[PDB]
>>> print(open('start19.pdb').read())   # PDB, C-alpha atoms and all ligand atoms
ATOM      1  CA  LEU A 436       3.750   1.752 -17.495  1.00  0.00           C
ATOM      2  CA  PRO A 437       6.059   4.520 -16.222  1.00  0.00           C
ATOM      3  CA  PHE A 438       8.495   4.068 -13.356  1.00  0.00           C
ATOM      4  CA  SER A 439       6.765   6.724 -11.232  1.00  0.00           C
ATOM      5  CA  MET A 440       3.950   4.238 -10.642  1.00  0.00           C
ATOM      6  CA  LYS A 441       5.755   0.975 -10.364  1.00  0.00           C
ATOM      7  CA  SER A 442       4.695   0.695  -6.708  1.00  0.00           C
ATOM      8  CA  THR A 443       1.158  -0.031  -7.933  1.00  0.00           C
ATOM      9  CA  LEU A 444       2.445  -3.365  -9.270  1.00  0.00           C
ATOM     10  CA  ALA A 445       4.070  -4.169  -5.920  1.00  0.00           C
ATOM     11  CA  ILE A 446       2.435  -6.885  -3.844  1.00  0.00           C
ATOM     12  CA  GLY A 447      -0.218  -5.799  -1.359  1.00  0.00           C
ATOM     13  CA  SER A 448      -0.844  -2.472  -3.105  1.00  0.00           C
ATOM     14  CA  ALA A 449      -4.263  -0.844  -2.698  1.00  0.00           C
ATOM     15  CA  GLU A 450      -4.187   1.051  -6.008  1.00  0.00           C
ATOM     16  CA  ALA A 451      -6.735   0.437  -8.765  1.00  0.00           C
ATOM     17  CA  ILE A 452      -4.050  -1.051 -11.048  1.00  0.00           C
ATOM     18  CA  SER A 453      -3.846  -4.347  -9.161  1.00  0.00           C
ATOM     19  CA  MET A 454      -7.587  -4.797  -8.628  1.00  0.00           C
ATOM     20  CA  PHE A 455      -8.812  -3.747 -12.093  1.00  0.00           C
ATOM     21  CA  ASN A 456      -5.966  -3.847 -14.644  1.00  0.00           C
ATOM     22  CA  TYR A 457      -3.272  -6.427 -13.824  1.00  0.00           C
ATOM     23  CA  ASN A 458      -3.471  -8.900 -10.931  1.00  0.00           C
ATOM     24  CA  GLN A 459      -0.274 -10.954 -10.913  1.00  0.00           C
ATOM     25  CA  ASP A 460      -0.392 -14.632 -10.087  1.00  0.00           C
ATOM     26  CA  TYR A 461       2.113 -16.038  -7.681  1.00  0.00           C
ATOM     27  CA  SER A 462       1.292 -19.711  -7.779  1.00  0.00           C
ATOM     28  CA  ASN A 463       4.025 -20.312 -10.295  1.00  0.00           C
ATOM     29  CA  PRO A 464       7.454 -18.667 -10.548  1.00  0.00           C
ATOM     30  CA  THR A 465       7.464 -15.059 -11.874  1.00  0.00           C
ATOM     31  CA  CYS A 466       9.693 -12.095 -12.687  1.00  0.00           C
ATOM     32  CA  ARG A 467       8.330  -8.560 -13.054  1.00  0.00           C
ATOM     33  CA  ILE A 468      10.797  -6.551 -15.141  1.00  0.00           C
ATOM     34  CA  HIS A 469      10.658  -2.753 -15.386  1.00  0.00           C
ATOM     35  CA  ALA A 470      12.765  -1.847 -18.426  1.00  0.00           C
ATOM     36  CA  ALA A 471      13.091   1.170 -20.714  1.00  0.00           C
ATOM     37  CA  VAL A 472      13.408   1.050 -24.500  1.00  0.00           C
ATOM     38  CA  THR A 473      15.533   4.046 -25.445  1.00  0.00           C
ATOM     39  CA  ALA A 474      14.707   6.463 -28.256  1.00  0.00           C
ATOM     40  CA  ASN A 475      17.536   5.268 -30.515  1.00  0.00           C
ATOM     41  CA  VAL A 476      16.441   1.638 -30.116  1.00  0.00           C
ATOM     42  CA  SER A 477      12.819   2.753 -30.602  1.00  0.00           C
ATOM     43  CA  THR A 478      13.692   4.311 -33.969  1.00  0.00           C
ATOM     44  CA  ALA A 479      15.957   1.374 -34.888  1.00  0.00           C
ATOM     45  CA  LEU A 480      12.939  -0.896 -34.436  1.00  0.00           C
ATOM     46  CA  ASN A 481       9.332   0.122 -35.155  1.00  0.00           C
ATOM     47  CA  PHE A 482       8.530   0.339 -31.434  1.00  0.00           C
ATOM     48  CA  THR A 483       6.316   3.343 -30.622  1.00  0.00           C
ATOM     49  CA  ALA A 484       4.080   4.525 -27.777  1.00  0.00           C
TER
ATOM     50  CA  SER B 388       2.926  15.354  13.984  1.00  0.00           C
ATOM     51  CA  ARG B 389       0.942  12.377  15.263  1.00  0.00           C
ATOM     52  CA  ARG B 390      -2.778  11.619  15.417  1.00  0.00           C
ATOM     53  CA  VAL B 391      -4.543   8.585  16.894  1.00  0.00           C
ATOM     54  CA  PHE B 392      -7.963   7.650  15.502  1.00  0.00           C
ATOM     55  CA  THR B 393     -10.558   5.567  17.346  1.00  0.00           C
ATOM     56  CA  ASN B 394     -14.272   4.906  16.716  1.00  0.00           C
ATOM     57  CA  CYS B 395     -14.317   6.118  13.124  1.00  0.00           C
ATOM     58  CA  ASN B 396     -14.580   5.085   9.483  1.00  0.00           C
ATOM     59  CA  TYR B 397     -12.373   6.152   6.589  1.00  0.00           C
ATOM     60  CA  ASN B 398     -12.880   6.244   2.822  1.00  0.00           C
ATOM     61  CA  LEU B 399      -9.348   5.295   1.833  1.00  0.00           C
ATOM     62  CA  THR B 400      -9.602   5.641  -1.962  1.00  0.00           C
ATOM     63  CA  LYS B 401     -10.477   9.317  -1.501  1.00  0.00           C
ATOM     64  CA  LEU B 402      -7.193   9.761   0.423  1.00  0.00           C
ATOM     65  CA  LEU B 403      -5.214   7.856  -2.208  1.00  0.00           C
ATOM     66  CA  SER B 404      -6.706  10.128  -4.875  1.00  0.00           C
ATOM     67  CA  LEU B 405      -4.876  13.055  -3.234  1.00  0.00           C
ATOM     68  CA  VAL B 406      -1.372  11.515  -3.286  1.00  0.00           C
ATOM     69  CA  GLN B 407       0.835   9.536  -5.639  1.00  0.00           C
ATOM     70  CA  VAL B 408       2.809   6.751  -3.971  1.00  0.00           C
ATOM     71  CA  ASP B 409       6.483   6.209  -4.763  1.00  0.00           C
ATOM     72  CA  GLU B 410       7.204   3.342  -2.356  1.00  0.00           C
ATOM     73  CA  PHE B 411       5.582   1.713   0.665  1.00  0.00           C
ATOM     74  CA  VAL B 412       7.319  -0.484   3.237  1.00  0.00           C
ATOM     75  CA  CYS B 413       4.974  -2.591   5.364  1.00  0.00           C
ATOM     76  CA  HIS B 414       5.656  -5.094   8.139  1.00  0.00           C
ATOM     77  CA  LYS B 415       3.068  -7.647   9.375  1.00  0.00           C
ATOM     78  CA  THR B 416       0.312  -5.934   7.320  1.00  0.00           C
ATOM     79  CA  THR B 417      -0.460  -4.967   3.738  1.00  0.00           C
ATOM     80  CA  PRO B 418      -2.340  -1.945   2.365  1.00  0.00           C
ATOM     81  CA  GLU B 419      -4.965  -4.416   1.099  1.00  0.00           C
ATOM     82  CA  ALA B 420      -5.692  -5.407   4.706  1.00  0.00           C
ATOM     83  CA  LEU B 421      -5.983  -1.737   5.655  1.00  0.00           C
ATOM     84  CA  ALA B 422      -8.384  -1.397   2.715  1.00  0.00           C
ATOM     85  CA  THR B 423     -10.474  -4.356   3.928  1.00  0.00           C
ATOM     86  CA  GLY B 424      -9.927  -5.323   7.558  1.00  0.00           C
ATOM     87  CA  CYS B 425     -10.745  -3.626  10.852  1.00  0.00           C
ATOM     88  CA  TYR B 426      -8.479  -2.975  13.823  1.00  0.00           C
ATOM     89  CA  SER B 427      -8.532  -1.463  17.296  1.00  0.00           C
ATOM     90  CA  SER B 428      -6.768   1.862  16.710  1.00  0.00           C
ATOM     91  CA  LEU B 429      -4.937   3.784  13.997  1.00  0.00           C
ATOM     92  CA  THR B 430      -1.857   5.980  14.477  1.00  0.00           C
ATOM     93  CA  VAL B 431      -0.457   8.238  11.738  1.00  0.00           C
ATOM     94  CA  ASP B 432       2.908  10.003  12.014  1.00  0.00           C
ATOM     95  CA  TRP B 433       3.476  12.268   9.060  1.00  0.00           C
ATOM     96  CA  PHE B 434       6.294  14.635   8.107  1.00  0.00           C
ATOM     97  CA  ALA B 435       7.901  16.088   4.988  1.00  0.00           C
TER
HETATM   98  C1  LIG A 501      -2.681   9.519   2.383  1.00  0.00           C
HETATM   99  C2  LIG A 501      -2.099   8.141   2.598  1.00  0.00           C
HETATM  100  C3  LIG A 501      -1.429   8.051   3.963  1.00  0.00           C
HETATM  101  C4  LIG A 501      -2.424   8.341   5.080  1.00  0.00           C
HETATM  102  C5  LIG A 501      -3.293   7.124   5.356  1.00  0.00           C
HETATM  103  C6  LIG A 501      -4.122   7.350   6.599  1.00  0.00           C
HETATM  104  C7  LIG A 501      -5.054   6.470   6.960  1.00  0.00           C
HETATM  105  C8  LIG A 501      -5.278   5.229   6.134  1.00  0.00           C
HETATM  106  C9  LIG A 501      -4.819   4.038   6.937  1.00  0.00           C
HETATM  107  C10 LIG A 501      -4.490   2.899   6.338  1.00  0.00           C
HETATM  108  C11 LIG A 501      -4.562   2.769   4.838  1.00  0.00           C
HETATM  109  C12 LIG A 501      -3.159   2.825   4.249  1.00  0.00           C
HETATM  110  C13 LIG A 501      -3.175   2.317   2.814  1.00  0.00           C
HETATM  111  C14 LIG A 501      -2.280   3.181   1.938  1.00  0.00           C
HETATM  112  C15 LIG A 501      -1.910   2.469   0.645  1.00  0.00           C
HETATM  113  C16 LIG A 501      -0.631   3.048   0.058  1.00  0.00           C
HETATM  114  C17 LIG A 501       0.205   1.958  -0.597  1.00  0.00           C
HETATM  115  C18 LIG A 501      -0.308   1.667  -1.987  1.00  0.00           C
HETATM  116  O1  LIG A 501      -1.251   0.860  -2.135  1.00  0.00           O
HETATM  117  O2  LIG A 501       0.237   2.250  -2.946  1.00  0.00           O
END
>>> encode(input="start19.pdb", output="structure tokens", more="lines below")
Ligand SMILES: CCCCC/C=C\C/C=C\CCCCCCCC(=O)O
Amino acid sequence: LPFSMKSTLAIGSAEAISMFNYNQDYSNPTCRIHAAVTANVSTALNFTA
Amino acid sequence: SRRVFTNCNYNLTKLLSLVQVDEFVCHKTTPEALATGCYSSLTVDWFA
């Protein structure tokens, strides 16, 4: 998921992402991590998109 | 500019289809409540 739409994963959001795609559970401890795999690391591994 | 809305209904997902949200800061409410619950009046102050 790109960083331009990381507010859809924020709590209380009214976007369709939370109510149809990913609804995070907060009953147990959690960490939501927005990271970026760079192109050099992507070619070093087999990671594609 | 400022507008105050009373005695009306709003289709919110049509208004969210026109914009892309970068960040929202809410106090004592959530956008989910404004998507579900009712309230006495609505005030919008918008600028660029
Ligand atoms: C065009 C949006 C701003 C104008 C809204 C005007 C009236 C609607 C009133 C309350 C609904 C606000 C919910 C907005 C959700 C954005 C946060 C998000 O879930 O990402």
>>> interface_residues(input="start19.pdb", of="chain B", to="chain A", cutoff="12 Å", atoms="all atoms listed in the file", output="PDB file with C-alpha atoms, in the coordinates of the input")
ATOM      1  CA  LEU B 399      -9.348   5.295   1.833  1.00  0.00           C
ATOM      2  CA  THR B 400      -9.602   5.641  -1.962  1.00  0.00           C
ATOM      3  CA  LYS B 401     -10.477   9.317  -1.501  1.00  0.00           C
ATOM      4  CA  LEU B 402      -7.193   9.761   0.423  1.00  0.00           C
ATOM      5  CA  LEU B 403      -5.214   7.856  -2.208  1.00  0.00           C
ATOM      6  CA  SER B 404      -6.706  10.128  -4.875  1.00  0.00           C
ATOM      7  CA  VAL B 406      -1.372  11.515  -3.286  1.00  0.00           C
ATOM      8  CA  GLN B 407       0.835   9.536  -5.639  1.00  0.00           C
ATOM      9  CA  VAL B 408       2.809   6.751  -3.971  1.00  0.00           C
ATOM     10  CA  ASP B 409       6.483   6.209  -4.763  1.00  0.00           C
ATOM     11  CA  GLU B 410       7.204   3.342  -2.356  1.00  0.00           C
ATOM     12  CA  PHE B 411       5.582   1.713   0.665  1.00  0.00           C
ATOM     13  CA  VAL B 412       7.319  -0.484   3.237  1.00  0.00           C
ATOM     14  CA  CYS B 413       4.974  -2.591   5.364  1.00  0.00           C
ATOM     15  CA  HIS B 414       5.656  -5.094   8.139  1.00  0.00           C
ATOM     16  CA  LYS B 415       3.068  -7.647   9.375  1.00  0.00           C
ATOM     17  CA  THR B 416       0.312  -5.934   7.320  1.00  0.00           C
ATOM     18  CA  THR B 417      -0.460  -4.967   3.738  1.00  0.00           C
ATOM     19  CA  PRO B 418      -2.340  -1.945   2.365  1.00  0.00           C
ATOM     20  CA  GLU B 419      -4.965  -4.416   1.099  1.00  0.00           C
ATOM     21  CA  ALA B 420      -5.692  -5.407   4.706  1.00  0.00           C
ATOM     22  CA  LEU B 421      -5.983  -1.737   5.655  1.00  0.00           C
ATOM     23  CA  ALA B 422      -8.384  -1.397   2.715  1.00  0.00           C
ATOM     24  CA  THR B 423     -10.474  -4.356   3.928  1.00  0.00           C
TER      25      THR B 423
END
>>> atom_distance(input="start19.pdb", atom1="atom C16 of ligand LIG 501 (chain A)", atom2="CA of residue 429 in chain B")
14.6 Å
>>> atom_distance(input="start19.pdb", atom1="CA of residue 432 in chain B", atom2="atom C15 of ligand LIG 501 (chain A)")
14.5 Å
>>> resolve_selection(input="start19.pdb", expression="the PyMOL selection byres (((chain A and resi 465-479) around 9) and not hetatm)", output="ChimeraX atom specification")
/A:436-438,441,444,459-464,480-483
>>> atom_distance(input="start19.pdb", atom1="atom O1 of ligand LIG 501 (chain A)", atom2="CA of residue 394 in chain B")
23.3 Å
